[PDB]
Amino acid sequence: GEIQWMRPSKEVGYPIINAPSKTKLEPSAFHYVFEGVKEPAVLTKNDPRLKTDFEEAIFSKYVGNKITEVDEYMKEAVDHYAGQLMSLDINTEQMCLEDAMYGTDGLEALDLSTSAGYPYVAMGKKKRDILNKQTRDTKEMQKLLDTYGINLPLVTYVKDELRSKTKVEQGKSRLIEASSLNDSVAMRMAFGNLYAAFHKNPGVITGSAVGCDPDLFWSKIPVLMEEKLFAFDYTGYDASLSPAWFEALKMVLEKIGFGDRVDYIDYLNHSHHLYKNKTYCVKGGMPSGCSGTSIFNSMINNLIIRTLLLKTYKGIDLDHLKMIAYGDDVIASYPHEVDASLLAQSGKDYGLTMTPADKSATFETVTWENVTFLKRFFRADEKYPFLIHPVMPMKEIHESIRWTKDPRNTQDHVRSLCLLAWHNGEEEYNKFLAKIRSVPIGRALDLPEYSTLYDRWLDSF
């Protein structure tokens, strides 16, 4: 990923974009009842907490484009992955505007809470308008697709969320590159069934985990993996992607019946962005707020791991590479041990910065005891060991519960945390509930007891 040029949006006929300057995150009723060290992320250059320029920091994620062409290894990776996806009979048909907007089996309806994007954000019009849950009115939308047409600019927003102190002092705030409602609808029509196929098949055939339900899926993973597990973290995955990785992605799409509309991939790759008063053009880099970002990032991860393996171990048998990705997160396996540190080295050559799994200091062996996927561990249940517990650390839950963005959603926010929390065991869960109930707001909440959660879990399989 690399910014080719940036300049004043007025110079090119674009309206300044208004983004709230104040966070919506305030201490919650549980702020002092639990521990935590995270604060809201910097949303402006004027934040007293800053210890370096904001703009330089938020955009430093674009480390550049390391590779230019798709080499021999990448091409092989493409053939293999595309070969696997082939076995899913993915329906190559387009998706009718109705299903793309209000969803169908395998695909959820569009989310009304996220930015409608340009030009709407600058016109003040929102999603509530165009979309009618019970109506299913294509008309208004359909009309808009002719008036403004696809392939429109991406509105860049600073993600309003909790970050470590360092990420606050270093302006390391994440940005949200939002796509126009028009594009989201288009792509969902173009790829709609690809998404559904992926959502309906989390595992090692799609090599994807998007759309999965951790409570059920965790018990299926161990069986799918090969003997030896390997993993690693990516630093700035999305922004590090070079155009070549997008071409490889198009080759996969073409090979499975979507060559028809691989142009859509070109806009993710070479893209136009609006941020505040400035406008910029980026070469490479997966935008964080487009339709499919998650799935396309996972597909690219499947090509990356394959590529690094072929480049480092001539003779490797990709048929026994069992991996599952969720964007940049990944959990992989092979019948034989491999040198992650070595693989990370080849990774640099492809423009990927890979480091020991879970901020380790060195690349150590990956086990079912220390491996994490989506910040969650895998823990077999005491009573019935064949059922696996996705275990989110309590630290994560503690940090989250200490803040709020809307007191109206306190019931839902805490309930959600409870559904992640109990997998840590009855003792821990009850200590968690106790503290929640040690202040008025908590005592008024309708929270599930351990037993109720555990019994429900057992019956869900």
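Note that residue numbering follows the sequence shown and begins at 1.
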Mean temperature factor over C-alpha atoms, higher-scoring stretch between 378-386 and 200-208: 378-386
Please work out which of 41-49 and 60-68 has the higher mean CA B-factor as recorded in the PDB entry. 41-49
Check the PDB entry and point out which of 194, 221, 325, 109 has the largest C-alpha temperature factor. 109
Quick one: which of 299, 352, 130, 309 shows the highest Cα temperature factor in the PDB entry? 130
Quick one: classify residue 425 as lowest, middle or highest third of the chain based on its Cα B-factor. middle
Taking the values exactly as deposited, rank residue 234 by C-alpha B-factor within its chain and report the matching third: lowest, middle or highest. lowest
Residue 100 - which third its CA temperature factor falls in, relative to the rest of the chain: highest
Pull the Cα B-factor of residue 453 out of the PDB entry and bin it into the chain's lowest, middle or highest third. middle
Lowest, middle or highest third: which one holds residue 142 when the chain's residues are ordered by CA B-factor from the entry? highest
